[PDB]
Structures are given as structure tokens and as C-alpha cells.
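Given next are two forms of a protein chain, the same chain in both, each as C-alpha cells and marked structure 1 or structure 2.
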Structure 1
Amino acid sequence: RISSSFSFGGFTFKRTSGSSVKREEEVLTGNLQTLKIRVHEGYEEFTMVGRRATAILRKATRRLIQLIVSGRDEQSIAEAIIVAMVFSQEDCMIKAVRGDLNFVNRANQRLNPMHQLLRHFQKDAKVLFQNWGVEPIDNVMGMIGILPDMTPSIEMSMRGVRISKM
């Protein structure tokens, strides 16, 4: 009776659609180190369940398609966004790494590269958010946007991200 659900960054991921296989891929991080990451290859939809936030993540191979997030407050919403961005395995997230030369490193064998990246961005997500990209939004279905400085917007949002009410 093993559950198909798994945990990452304080969220339980429950797959609701799609499927993936894993491939090994080299990625050049923002601290100029090359990591060998286990890339999810495929389209997948997950429900992310956390203590203070819930998110729906739709993604393709190394590409976030859509993230619908609700939460107790702006801080809790931000926490979910960070986890989804890391889980997406997007190049812009990889390239947003700054410093942590002995932590975000293949020489660091105490943690797998995905968790190295997660812990790095949970410390400070400023560069991650600033480099992710912003897009215009349609103010429909009661969904709003969130900008890189974590301010809500009815005009724009970080790419793929929408905030819903709880």
C-alpha cells in the first residue's frame, strides 16, 4: 500500500493527470557549476498541498505551464511559488543561483541537486523571481497576478502564475 504521492519543499504532490519518465541532464547554474539533474520528461498535472497554501501545477519537460495558487497570506503563496519554480526545472531557475559554491555543487553528495536548488531558493528567492519573467493576465475566473516583488496585480503576473481565493 505505497502511496503515489510524494513530498517536496513542504508540499505533498498528488498527480492528477499526465505522466513522466526521468532522464539525466547536465545544467549550468548561475554559480557556473554544472549539475547532473534527474529531469522529469512529460506533461504532468499536480495538486500541491501545504499547511498554509494549495497549488495546482501544470508542467511540461523543464517548463512550467500554469500554477494556480491560493493561501492564507502573501508569504504562504510565495512559498508555494518557489517550490513549483524549482520543481519545474526551468533553465531560468537554474540560472538564478547565486553563490553557494560548495552547496549547489555535484561535489556536495549529502543532498541531491534538486534539494540543493530547493534549499538555495528557500533562503532567498529575489533573483529567482526577478529572472522568471512577467506576463499580462486576463482578470477572469476571479484570478489575479503576483509580481516579482510579491505585490498583487490585476494587470500582470509572474509567468504562468495566478492567485485564486481559498
Structure 2
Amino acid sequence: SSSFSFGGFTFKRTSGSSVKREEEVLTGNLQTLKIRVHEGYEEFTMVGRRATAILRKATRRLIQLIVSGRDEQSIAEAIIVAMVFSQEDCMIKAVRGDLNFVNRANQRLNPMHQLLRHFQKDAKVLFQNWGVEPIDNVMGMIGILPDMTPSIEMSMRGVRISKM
């Protein structure tokens, strides 16, 4: 529809629709965020300077993410953005460390951007917590594990790389 930018990716909805509802979620380090949850199945393109992805998702669920990109960092960047954008519970529960989401004064930062900045610091716990699954052998596609190494047999749940 209208595109928007998030995490350095231009998102464009290419299919589906959603309604929104506010939910007060509880992070892994026991902070509350009031997030606008998108309810319904949707597909988006994500266009970055250094990676591209196609995301299928539903309410707080990433169903498929196909990514291409120039190097390990740029592919990881896309996966982190997509995992945050999915609003999944395992992502909310993967938050660690300082209680730095609490508003300091009258700031009212955007919770989705708060989450993104947290996981851009270090996505190791996010990726470890996300889940891995066996994959089918689809020529041209490969899996990617939580330590960012490729695998032809297993991948982070829902995620596949289209090999350059």
C-alpha cells in the first residue's frame, strides 16, 4: 500500500490485510511495552541498500522470510528487522539486560524501534531463542543457523537465503 521504512528497509505490503490492536507485552527482562499488534495474514517486500527480503507473516507470527544480500552482516540485518517486525513472543522474550525501555522523562519512544535498536546491538540471544527446523532441499535456497553459518539441512524457523 503506502510503503514505510523500518530498520533501513523500505517495506511494501504486497498481499493481505490486518487490523490493529494495542497489547501490553512483557519483555524477557520484565518491562512492559504497549505495542500496536497487526492482526491478520500479510506479505511484504523489504528493500534495503544491501539486502532484499520477502516476508509472509500473520498475527505475531513470522511464517516465511526469503532473504538475499551482499554479505553475512547485511543478511543478518534483514533477518533481525523481520524478526522484530513479526512481533513474535519469542522475540519479545529474548530482550535482556538493562531496563532501558522504561521512558526517562516525557520521551514516549516508539516501542517497535526500541526493540529494533536493542536487537541490533547483538542478536545472539534473539537467534538462539527463535527456533530451528529441518528444511526441504529447494535448489537455489539454503538454510541459515543462529550463528549465521549456512546449512542445507536445517535453518532458523521460516527463514531461507536465496543464494547469490
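When a residue number appears, read it as a position in the sequence of structure 1, where counting begins at 1. For clarity, a rigid core is taken as the largest C-alpha set superposing within 1.5 Å between two forms. Only residues modelled in both forms are compared.
Of the candidates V104, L118, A125, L64, the Cα that moves 2 angstroms or more after core superposition between structure 1 and structure 2 belongs to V104 alone. The two forms line up on their rigid core, and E74 then has its Cα shifted by 1.5 Å between structure 1 and structure 2. Listed alone, the one run of 3 or more residues present in both forms whose C-alphas shift by at least 2 angstroms between structure 1 and structure 2, with the core superposed, is 102-110.
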